[PDB]
């Protein structure tokens, strides 16, 4: 009733993550907690008992573990900062479940003149939350368009996710229930502190931003391209924000087509609040544009030498020009980054050469900061040496900088990349363990389904019987979620209005628990007035009658002046008073004795 999500969507979401090969779940930070999941813990996820009582009831949006998010900076391919947000494993499923419901009820506007792919696939019998299957199919079609058509146009959007209007995204889904779209958009915006976050690899946000949000824009490009008579045929292929425009035309019309198509892209992008990446956009280009023999171990030695002699103050431009180009073989068709990844993932024994392992040791001990140019590949290169003195040396060099206080964001990314590749080893964690450190201790060492059932609160009535009405309340769970949603954005007016409703209803629940109100269902409406609140709270024998009248009278003075239904400090002070009462009214209920 509150979330229109069906169990089939949550099931689909859980199945896409489970379908990821176990040898792939533990290569990423965000998918590692699912790698530690037992088979019995999986069965609980797809079980409808866990869905209707914890997911659909909104109970999961009432625990601080599911409303807490963390910052994590990852490295861009060419040396930029991609700021991401880390969410709890439960929230990671919910984002995919939302996309599962949207895929069922959204009617696409783009025609079959264009193929679309994202970091996932809802294709039947091939559901997966990973990018390999979709990206491989994406690159296979780019080759098909490479042979069929003559020229291609490539465009891209800058800061795509951060410029997405989350409210506008959910508004273009007609058959989406507005009461449910309010819950979805609030959670997503809460992850991004008001804007569309970057949950790296999350197919939920990938599908929503590529298939739904870009639908209107892609449709106008398709329709306008048909009016151009100079184009014989065309085909569009898109991966998230990357777009390829293959066409068939005469060479004599290439100039006018470049003028027509580029102005068509700019006009429509500005129309839909999209910013075209001028750097990553090229004009109409012709479609044409033993491994130990192409790249030997000597070519790898020159890489470490040019890198070990390069100063640590060199930017990415100096690293990519000298060091990375050393790997490119004239006869081979690959960049310096692609060849480097092929060595660490296939020629793993090369790091055990006497010369290579020694040149590697010089890198880690001289300055580990040189690892920042390719953190994933270079750390794998270090770990491929299989030498404990080097592996423990890189960790201790990181530990010394974190011990002093000079640890910036570069020391962080190297540390997190190191801890993920070593599978969050217990000995490494005992030496390191703030912010992201809390998520590592919380979900990266245990089964979060087993820890979910242990840390569950339980209320006991006067007859020492379990009270299950609070957690199953589809009104209390969502009013509390909205009160926390506005609190994270520091919007104290709307946050007080919602929490005051949660306060009156939770008080009405503690009455049915102690047997004071002995009706069919709890009397929620009775405690909306001031006279019934301070009288019932005093009847609970858990607070002083002088303080109770001091808090609710002040809180009533705020509700009668709240323009949502007096400084931020005054509102936050009365809200903190309402929270302390709840924390004591809660601890009073779990005590079966008296």
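Numbering follows the first chain given and starts at 1.
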Count class of deposited residues lacking coordinates, residue 68 to residue 69: none
Would you mind checking whether any residues of the deposited sequence sit unmodelled between residue 289 and residue 290, and how many (none, 1 to 3, 4 to 9, 10 or more)? 10 or more
Which is higher in the entry, the mean Cα B factor of 165 to 173 or that of 421 to 429? 421 to 429
Please compare 443 to 451 with 174 to 182 and say which has the higher mean C-alpha temperature factor in the record. 443 to 451
Based on what the PDB entry reports, which of 223, 103, 302, 150 has the top C-alpha B-factor? 302
Return the residue from 204, 89, 197, 79 that has the highest Cα B-factor in the entry. 79
Within this chain, which third does the Cα B-factor at residue 119 fall in: lowest, middle or highest? lowest
Splitting the chain's C-alpha B-factors into thirds, which one does residue 17 fall into? middle
Ranked against its chain, the third holding the CA B-factor of residue 519: highest
Could you look up the Cα B-factor of residue 373 in the entry and say which third of the chain it sits in: lowest, middle or highest? middle
Per the entry's values, where does residue 403 land by CA temperature factor relative to the rest of its chain, in the lowest, middle or highest third? highest
